[PDB]
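Colleague: Mind looking over this structure? Questions follow.
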Amino acid sequence: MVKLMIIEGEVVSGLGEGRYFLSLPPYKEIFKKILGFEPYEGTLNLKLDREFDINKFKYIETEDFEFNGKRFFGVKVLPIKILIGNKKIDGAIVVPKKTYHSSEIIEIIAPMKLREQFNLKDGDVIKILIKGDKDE
Ligand SMILES: Nc1ccn([C@@H]2O[C@H](COP(=O)(O)OP(=O)(O)O)[C@@H](O)[C@H]2O)c(=O)n1
Ligand code: NA
């Protein structure tokens, strides 16, 4: 069984967290290494209709980093396809250790600013696709 799963997500606005830590260069490096792209310095938050638990899937945990004296926690990362209209963009879900949002909100990263390049406004619904599971 090659298992897929397509989920809908309502574009929502957040605390502006992702733009920050995605700027720092060991994250850039690890994401470049893990995902094969350098993500736009931000996360697109999406509200889902039900709790999302990254542990149900085969994620990648990044290591904690020490960056010029200050330390930083790693994140779990799960590559996905972002389905916006006819297109399929490569991206990933990122789950950081601590989060102000509910467990129905996920953060998406991608090569480009998706709002801009797909004229996304809050409330728009997009789909993300997840290949395999924890047992594949
Ligand atoms: N791949 C991405 C990442 C962020 N963004 C947007 O770029 C802005 C910067 O990301 P952010 O981390 O500040 O996200 P918010 O926390 O502001 O929602 C946010 O408005 C995101 O919605 C995007 O359009 N596409
Ligand atoms: Na965000």
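Residues are named by chain letter and number: chains run A, B, ... in the order of the structure tokens, numbers start at 1 in each chain, and ligands are numbered from 1 in the order shown.
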Within 10 Å of ligand 1, which residues of chain A show up? Give each one with its shortest atom-to-atom distance in Å (one decimal) and the two atoms involved, counting only C-alpha atoms and all ligand atoms, rows by chain then rising residue number, as a Markdown table.

Modeller:
```
| residue | atom | partner | partner_atom_place_in_ligand_line | distance |
| --- | --- | --- | --- | --- |
| A:11 | CA | ligand 1 | 22 (O) | 7.7 |
| A:12 | CA | ligand 1 | 18 (O) | 6.5 |
| A:13 | CA | ligand 1 | 18 (O) | 3.9 |
| A:14 | CA | ligand 1 | 16 (O) | 3.7 |
| A:15 | CA | ligand 1 | 16 (O) | 4.5 |
| A:16 | CA | ligand 1 | 16 (O) | 3.2 |
| A:17 | CA | ligand 1 | 12 (O) | 4.9 |
| A:18 | CA | ligand 1 | 12 (O) | 3.5 |
| A:19 | CA | ligand 1 | 12 (O) | 4.0 |
| A:20 | CA | ligand 1 | 12 (O) | 7.0 |
| A:21 | CA | ligand 1 | 12 (O) | 8.8 |
| A:22 | CA | ligand 1 | 12 (O) | 8.4 |
| A:39 | CA | ligand 1 | 1 (N) | 7.0 |
| A:40 | CA | ligand 1 | 1 (N) | 5.4 |
| A:41 | CA | ligand 1 | 3 (C) | 6.4 |
| A:42 | CA | ligand 1 | 10 (O) | 3.5 |
| A:43 | CA | ligand 1 | 3 (C) | 3.8 |
| A:44 | CA | ligand 1 | 22 (O) | 4.2 |
| A:45 | CA | ligand 1 | 18 (O) | 5.4 |
| A:46 | CA | ligand 1 | 18 (O) | 8.7 |
| A:91 | CA | ligand 1 | 1 (N) | 8.2 |
| A:92 | CA | ligand 1 | 1 (N) | 9.6 |
| A:101 | CA | ligand 1 | 16 (O) | 9.9 |
| A:107 | CA | ligand 1 | 14 (O) | 8.2 |
| A:108 | CA | ligand 1 | 1 (N) | 6.5 |
| A:109 | CA | ligand 1 | 1 (N) | 4.7 |
| A:110 | CA | ligand 1 | 1 (N) | 4.5 |
| A:111 | CA | ligand 1 | 1 (N) | 6.6 |
| A:112 | CA | ligand 1 | 1 (N) | 5.4 |
| A:113 | CA | ligand 1 | 25 (N) | 3.4 |
| A:114 | CA | ligand 1 | 25 (N) | 3.8 |
| A:115 | CA | ligand 1 | 24 (O) | 3.6 |
| A:116 | CA | ligand 1 | 24 (O) | 5.9 |
| A:117 | CA | ligand 1 | 24 (O) | 7.8 |
| A:118 | CA | ligand 1 | 24 (O) | 8.5 |
| A:119 | CA | ligand 1 | 24 (O) | 8.8 |
| A:120 | CA | ligand 1 | 24 (O) | 7.4 |
| A:121 | CA | ligand 1 | 22 (O) | 8.7 |
| A:122 | CA | ligand 1 | 22 (O) | 8.4 |
```

Colleague: For residue 51 of chain A, please output as an NGL selection string all residues within 10 Å (counting only C-alpha atoms; exclusion window: fewer than 3 positions along the same chain).

Modeller: :A and (47-48 or 54 or 102-106)

Colleague: Go ahead and save the residues from that selection, with C-alpha atoms, as a short mmCIF file (atom, residue, chain, number, x, y, z; two decimals), in the first residue's frame.

Modeller:
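As a result, out.cif now contains:
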```cif
data_model
loop_
_atom_site.label_atom_id
_atom_site.label_comp_id
_atom_site.auth_asym_id
_atom_site.auth_seq_id
_atom_site.Cartn_x
_atom_site.Cartn_y
_atom_site.Cartn_z
CA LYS A 47 -6.31 26.10 10.01
CA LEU A 48 -7.39 22.47 9.67
CA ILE A 54 3.12 15.04 13.27
CA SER A 102 -3.76 25.42 18.55
CA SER A 103 -3.01 21.91 17.35
CA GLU A 104 -5.39 22.47 14.45
CA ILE A 105 -3.05 25.09 13.03
CA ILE A 106 -0.06 23.91 10.99
#
```

Colleague: Do you know which residues are at most 8 Å from residue 8 of chain A counting only C-alpha atoms, after dropping those on the same chain fewer than 3 positions away, and could you put them as a list in words?

Modeller: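 With the cut-off at 8 Å, the set is residues 48, 49, 125, 126, 127 and 128 of chain A.
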
Colleague: Run DSSP on the backbone and tell me which residues of chain A come out as alpha helix (DSSP H); list them as a list in words.

Modeller: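 Here is the list: residues 18, 19, 20, 21, 22, 23, 25, 26, 27, 28, 29, 30, 31, 32, 33, 34, 35, 114, 115, 116, 117 and 118 of chain A.
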
Colleague: I want to know what sits within 10 Å of segment 63-68 of chain A, based on only C-alpha atoms, with residues of the same chain fewer than 4 positions away left out; could you give that as a ChimeraX atom specification?

Modeller: /A:24-27,30,72-76

Colleague: Please produce a file of those selected residues containing N, CA, C and O atoms, as a PDB file, in the first residue's frame.

Modeller:
```
ATOM      1  N   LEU A  24      17.663  32.356  10.306  1.00  0.00           N
ATOM      2  CA  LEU A  24      18.949  31.955  10.903  1.00  0.00           C
ATOM      3  C   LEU A  24      19.611  30.862  10.054  1.00  0.00           C
ATOM      4  O   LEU A  24      18.951  29.927   9.609  1.00  0.00           O
ATOM      5  N   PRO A  25      20.924  30.984   9.819  1.00  0.00           N
ATOM      6  CA  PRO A  25      21.567  30.225   8.738  1.00  0.00           C
ATOM      7  C   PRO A  25      21.795  28.721   8.953  1.00  0.00           C
ATOM      8  O   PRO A  25      22.074  28.026   7.973  1.00  0.00           O
ATOM      9  N   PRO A  26      21.698  28.208  10.204  1.00  0.00           N
ATOM     10  CA  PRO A  26      21.796  26.738  10.270  1.00  0.00           C
ATOM     11  C   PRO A  26      20.460  26.083   9.905  1.00  0.00           C
ATOM     12  O   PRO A  26      20.448  24.957   9.391  1.00  0.00           O
ATOM     13  N   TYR A  27      19.351  26.783  10.158  1.00  0.00           N
ATOM     14  CA  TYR A  27      18.052  26.328   9.674  1.00  0.00           C
ATOM     15  C   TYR A  27      18.050  26.319   8.151  1.00  0.00           C
ATOM     16  O   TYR A  27      17.744  25.305   7.530  1.00  0.00           O
ATOM     17  N   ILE A  30      19.994  23.289   7.127  1.00  0.00           N
ATOM     18  CA  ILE A  30      19.322  21.999   7.336  1.00  0.00           C
ATOM     19  C   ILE A  30      18.124  21.811   6.392  1.00  0.00           C
ATOM     20  O   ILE A  30      17.947  20.740   5.801  1.00  0.00           O
ATOM     21  N   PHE A  72      18.961  26.976  20.232  1.00  0.00           N
ATOM     22  CA  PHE A  72      17.714  26.987  19.470  1.00  0.00           C
ATOM     23  C   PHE A  72      17.221  25.587  19.318  1.00  0.00           C
ATOM     24  O   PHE A  72      17.989  24.699  19.012  1.00  0.00           O
ATOM     25  N   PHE A  73      15.933  25.383  19.511  1.00  0.00           N
ATOM     26  CA  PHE A  73      15.396  24.044  19.477  1.00  0.00           C
ATOM     27  C   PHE A  73      15.115  23.642  18.040  1.00  0.00           C
ATOM     28  O   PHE A  73      14.824  24.473  17.191  1.00  0.00           O
ATOM     29  N   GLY A  74      15.257  22.356  17.767  1.00  0.00           N
ATOM     30  CA  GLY A  74      14.962  21.840  16.460  1.00  0.00           C
ATOM     31  C   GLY A  74      13.456  21.716  16.308  1.00  0.00           C
ATOM     32  O   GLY A  74      12.703  21.878  17.270  1.00  0.00           O
ATOM     33  N   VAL A  75      13.040  21.420  15.080  1.00  0.00           N
ATOM     34  CA  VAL A  75      11.650  21.300  14.712  1.00  0.00           C
ATOM     35  C   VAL A  75      11.458  19.956  14.030  1.00  0.00           C
ATOM     36  O   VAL A  75      12.402  19.400  13.493  1.00  0.00           O
ATOM     37  N   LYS A  76      10.251  19.421  14.071  1.00  0.00           N
ATOM     38  CA  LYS A  76       9.931  18.264  13.276  1.00  0.00           C
ATOM     39  C   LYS A  76       9.474  18.783  11.921  1.00  0.00           C
ATOM     40  O   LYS A  76       8.836  19.825  11.849  1.00  0.00           O
TER      41      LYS A  76
END
```

Colleague: Would you mind writing down, as a PyMOL selection string, each residue of segment 35-119 of chain A that DSSP on the backbone assigns to strand (DSSP E)?

Modeller: chain A and resi 44-47+60-61+65-67+70-72+75-84+87-96+105-109
